[PDB]
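Take a look at the letters that make up each chain.
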Amino acid sequence: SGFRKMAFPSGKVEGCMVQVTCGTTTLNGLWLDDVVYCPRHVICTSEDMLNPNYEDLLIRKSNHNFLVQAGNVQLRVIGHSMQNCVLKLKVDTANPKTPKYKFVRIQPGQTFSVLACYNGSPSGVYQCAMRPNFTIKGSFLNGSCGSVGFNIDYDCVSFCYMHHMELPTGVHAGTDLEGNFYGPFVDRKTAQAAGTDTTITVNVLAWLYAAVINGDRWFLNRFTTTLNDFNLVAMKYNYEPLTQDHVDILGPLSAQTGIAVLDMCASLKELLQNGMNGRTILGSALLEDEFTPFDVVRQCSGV
Amino acid sequence: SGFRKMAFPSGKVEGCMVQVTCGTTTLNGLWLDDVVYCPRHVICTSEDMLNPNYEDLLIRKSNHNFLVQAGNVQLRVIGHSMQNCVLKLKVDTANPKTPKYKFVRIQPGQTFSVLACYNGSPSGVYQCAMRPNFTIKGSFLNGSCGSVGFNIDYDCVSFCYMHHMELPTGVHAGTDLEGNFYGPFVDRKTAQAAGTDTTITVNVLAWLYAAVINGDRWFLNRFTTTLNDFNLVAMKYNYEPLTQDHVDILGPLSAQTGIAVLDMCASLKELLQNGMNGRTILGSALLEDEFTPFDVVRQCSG
Ligand SMILES: *[C@](O)(C(=O)NCc1ccccc1)[C@H](C[C@@H]1CCNC1=O)NC(=O)[C@H](CC1CC1)n1cccc(NC(=O)OC(C)(C)C)c1=O
Ligand SMILES: *[C@](O)(C(=O)NCc1ccccc1)[C@H](C[C@@H]1CCNC1=O)NC(=O)[C@H](CC1CC1)n1cccc(NC(=O)OC(C)(C)C)c1=O
């Protein structure tokens, strides 16, 4: 038993991380087969960053201007191509530890593991939700750019995030592995801000389910609410509306505990309205919204 | 920017995980060079247990009774011994993926990463602290036994924990990799009680420095305290004593923030006496005690 924020084992991704230097700029790339993927802003000086003409900056770069290091081995670059905000560097050597992988775009409210790297060396691993405002609550310093976010399903790595930037309020923005930003963000040194965030109602209910499965159950009550009457209180507190698809997605946790979603909703309404009165749920004194229903099932059934 | 509960990358440990089976029981083993380490209770059934005589039960096992699988390769067991509560199984093959490593016994308040495994297959990585009562707050289901805790120093993996058992209210116990339990626990099927836990004071101060490094400053007051006057208040709220050694260990964070340790103690004293009054620190509504000073410096620096 017990319930913890849990990342995927990162070994399959660690074997792909490399360092990419272009003149003065060093950051991280992802080496899969004979291609290294990284943020295109590797070609910029801070001069270029106010309004960078990436197409014109890239014309002035040769294969030779890209230093790619995997451990203590130099990889020779034999081709460069740009796709949206990502640079693809073709190398002579294919990554022999390339795992089975796909590039996917995660939806808001879904979770992934971040492998934070510096100089192409993994430093740490932690779990993030793609927020409704298309930011993540991460931990990234200078050199973290080109760090990736992923899910593992069996032997297959689904790469969903490459790190690009920090925003006021200490949150982070990046692109999918095709180089499209999540949210309205741009890869240049302009003032940008995240929109107002919302709480991911479906994820809070999943976590309440997690609590109950682990025997932390003091917040359960005999009361029930309609979906409409629940959503009246949710909207006031800046929680996403709960849809019938959310109620259906919570079906496995509801069946496993025997607590109906609309019974659980009466707990959550009381917690929103009256707070926790000095008590904790799974060691937290506030409502956690960064576990998906699938994250709870995976951890409580142990795959 | 941002501050997260962070684990070490697990790759170097993933390549060491194997499945150990003795008839009916399967759990995880750690394969380093030509030795597999696993909990000794892999030799029991329900038949035994409640209070098994492990030395006795191990006599009546043979090398061949240990099925060791590394992915879908069978390892040949050519030797076996018990050391405290772990089995060391000698195998015909050295692990090609053995990282540079040590075995260390960690102290209460120290943190480590857990790679939770099922059938020799890693499932997840998370960060833990050795509580003052020598339990950990883990996430471990049936089959998790033999999962290990570790720190990574540069290239070198320090193994500090092997998972053995669950205790009341969802907490966990295990041994070091020499098979000595952390705490007054035994690998018996019998009821055992943890002992009352306390807050790791040096770790709360470390995390208040993390808060200041990351732009959370509201809880700083303009007071200082003596070590003694601080501990008078700490002990009243179930906090570990803060030693001069803890003050000295908070030095680097002190210098990096220009907030003296005893000034930060005066801020914590006020937080214990008056509460947080519904405000958060680094996204938490209570005081977090599972970041060491080392963890704060590591994450804020590289
Ligand atoms: C990323 O580019 C990176 O790591 N680059 C390599 C490098 C940088 C610095 C020194 C050595 C090597 C960084 C990652 C950032 C830095 C701190 N934590 C992070 O997540 N991203 C940027 O610096 C980014 C580049 C832009 C998108 C193309 N950038 C540029 C300018 C400003 C910001 N943000 C910013 O100033 O935000 C506030 C909160 C205002 C400080 C930015 O992210
Ligand atoms: C460990 O043995 C394991 O994972 N392998 C055994 C196994 C069981 C079922 C199927 C396949 C393999 C487990 C790990 C436990 C299970 C639940 N969570 C864990 O972390 N260890 C034990 O079951 C352990 C063995 C004892 C030390 C030698 N054990 C046995 C009996 C009771 C408990 N604890 C217990 O019941 O705790 C209370 C607080 C009473 C609920 C126990 O840990």
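Every chain here is numbered from 1 following its written sequence, a scheme that can differ from the numbering in the entry; residues without coordinates are not drawn. Following the order in which they are written, the chains are lettered starting with A and the ligands numbered starting with 1. Side-chain descriptors were evaluated using all non-hydrogen atoms of the structure, hydrogens and water having been removed beforehand.

Per the deposition metadata, X-ray crystallography was the technique used to determine this entry, at a resolution of 1.860 Å.

Trainee: Go over the overall build of chain A with me, naming the residues and quoting the values.
Mentor: By the criteria applied, helices consist of DSSP H or I runs no shorter than four residues and strands consist of E runs no shorter than two, each listed in order from the N terminus. When helices and strands are counted, chain A shows 8 helices and 13 strands. Reported as C-alpha extents along the three principal axes, the dimensions of chain A are approximately 70 × 40 × 30 Å. Summary of the burial criterion: residues with accessible area below 20% of their type's maximum are buried, those above 50% are exposed, and those between are partly exposed, where the area comes from a 1.4 Å probe applied to protein chains only. Burial statistics for chain A: of 303 residues in total, 54% are counted as buried. Considering only contacts in chain A between residues 6 or more positions apart, those separated by 24 or more positions represent 64%. Accessible surface is estimated by sampling points in the Shrake-Rupley manner with a 1.4 Å probe; for residues, cover comes only from the protein chains shown. As displayed, chain A has an accessible area near 13100 Å², and 51% of this comes from carbon and sulfur atoms. The contact criterion used is simple: two residues touch if any of their non-hydrogen atoms lie within 4.5 Å.

Trainee: For the site of ligand 2, give the residues involved together with the corresponding values.
Mentor: Any residue with a heavy atom lying within 4 Å of a molecule or strand is counted as near it. Not every one of the 17 residues close to ligand 2 is listed here, only the nearest: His-41, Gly-143, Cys-145, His-163 and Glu-166 of chain B. The local environment of ligand 2 is shared, drawing residues from chains A and B. Counted as a polar contact is a pair of N or O atoms within 3.5 Å, where, for protein atoms, one must be capable of donating a hydrogen and the other of accepting one, and residues adjacent in sequence contribute only when both atoms are in side chains. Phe-140 of chain B is positioned with one of its backbone polar atoms (N or O) 3.2 Å from a nitrogen atom of ligand 2. In this structure, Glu-166 of chain B approaches ligand 2 through a main-chain N or O atom, which is 2.8 Å from an oxygen atom. Burial of ligand 2 by the surrounding chains reaches 68%, relative to a free accessible area of 870 Å². The biggest single contributor to the shell around ligand 2 is strand β12 (residues 156-167) of chain B, with 5 residues.

Trainee: Describe the site of ligand 1, listing the residues and the values that go with them.
Mentor: Not every one of the 20 residues close to ligand 1 is listed here, only the nearest: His-41, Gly-143, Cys-145, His-163 and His-164 of chain A. Around ligand 1, the nearby residues trace back to chains A and B. A distance of 2.6 Å separates an oxygen atom of ligand 1 from a polar side-chain atom of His-41 of chain A. Contacts to ligand 1 include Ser-144 of chain A, whose backbone N or O atom sits 3.3 Å from an oxygen atom. Contact with the protein chains removes 70% of the 870 Å² of surface that ligand 1 exposes when unbound. When residues in the shell around ligand 1 are grouped by element, the largest group, 5 residues, is from strand β12 (residues 156-167) of chain A. We call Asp, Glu, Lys and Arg charged. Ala, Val, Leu, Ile, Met, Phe, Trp, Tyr, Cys and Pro are nonpolar, and the rest, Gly among them, are polar. Here the shell around ligand 1 is composed, by residue class, of 7 nonpolar, 9 polar and 4 charged.

Trainee: Let's hear about the pairing of strand β9 (residues 111-118) of chain A: which residues, and what values?
Mentor: Residue and element names in this part refer to chain A. Most of β9 is tucked away: 8 of the 8 residues are buried. Strands were regarded as paired on the criterion that DSSP finds at least two bridges between them. The antiparallel pairing of β9 with strand β10 (residues 121-129) creates a hairpin that spans 2 residues between the two strands, and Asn-119 there sits at a positive phi of about 60°. Where β9 and strand β11 (residues 148-153) come together, 3 bridges link them in antiparallel fashion. Within the sheet, the bridge partner assigned to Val-114 lies in β11 and is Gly-149.

Trainee: Please provide a residue-by-residue account of the nonpolar core, values included.
Mentor: Proteins that are soluble and globular tend to have nonpolar side chains buried together. Working definition of a nonpolar core: buried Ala, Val, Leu, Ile, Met, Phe, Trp, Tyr and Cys residues. They are joined through side-chain atoms within 4.5 Å. By size, the foremost hydrophobic cluster in this structure holds 35 residues, and its most contacted members are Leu-208, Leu-268, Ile-281 and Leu-287 of chain B. Of all elements in the fold, only α3 (201-213), α4 (227-236), α7 (261-274) and α8 (293-301) of chain B reach the threshold of two or more residues within this core. The dominant element in this core, judged by the number of residues it contributes, is α3 of chain B, at 10 residues. The contact partners of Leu-208 of chain B, leaving out residues within four places of it in the chain, are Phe-219, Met-264, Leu-268, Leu-271 and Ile-281 of chain B. Counting residues in hydrophobic clusters, the runner-up holds 34 residues, among them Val-204, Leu-250, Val-261 and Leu-272 of chain A.

Trainee: Give me the pattern of salt bridges: which residues, what numbers.
Mentor: Within this document, salt bridges are pairs made up of a side-chain nitrogen of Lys or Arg and a carboxyl oxygen of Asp or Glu, the two lying within 4 Å of each other. Applying the stated criterion to the full structure yields 15 salt bridges over all chains. The closest approach of N and O atoms between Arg-131 of chain A and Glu-290 of chain A, which form a salt bridge, is 3.0 Å. Placement of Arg-131 of chain A in the loop between β10 and β11 and of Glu-290 of chain A in the loop between α7 (261-274) and α8 (293-301) is noted, with a sequence separation of 159 residues between them. A salt bridge links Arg-131 of chain B to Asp-289 of chain B; the nearest nitrogen and oxygen atoms lie 2.8 Å apart.

Trainee: Describe in detail the environment of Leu-253 of chain A, supporting the description with residues and values.
Mentor: Residues and elements named next belong to chain A. Checked against the element boundaries, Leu-253 lands in helix α6 (residues 251-257). Judged by its relative accessible area of 1%, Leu-253 falls in the buried class. The sequence separation of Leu-253 and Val-296 amounts to 43 residues, and the corresponding C-alpha distance is 8.4 Å. With sequence-adjacent residues up to four places away left out, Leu-253 is seen in contact with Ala-206, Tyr-209, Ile-213, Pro-293, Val-296 and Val-297.

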